[PDB]
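Listed next as structure tokens is one chain, alone, in the form deposited in one PDB entry.
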């Protein structure tokens, strides 16, 4: 959770960081699927540098959801 929070602070505004943390908490809370979370992040992460945050997000999602995450989020 530290590698992501550190990276988000450098690449996102406070408001954009609040949006990312909101969707991540909705996903962790079981309200939304990993796919709904990914789609929300695609709407938030508009620049090339911002897209790099999804590799940090990958490290904090449930291991059983990694294949679904990778199916929508390009790994390299």
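Superpose the two forms; the largest set of C-alphas matching within 1.5 Å is the rigid core. Residue numbers count along the first chain shown, from 1.
Beyond the structure shown, there is the form deposited in another entry, which is absent from this document and is the topic of what follows.
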Q. Honestly, after the rigid core fit, is residue 49 moving at least 2 Å at Cα between the shown form and the other one?
A. yes
Q: Indicate whether residue 66 shows a C-alpha shift of 2 Å or more between the shown form and the other one, with the rigid core used for the fit.
A: yes
Q: Pin down for me whether the residue 35-residue 70 Cα distance shrinks or grows in the other form relative to this form (closer or farther, change of 3 Å or more).
A: farther
Q) Relative to the form shown here, do the C-alpha atoms of residue 42 and residue 66 sit closer together or farther apart in the other form, given a change of 3 Å or more? A) farther
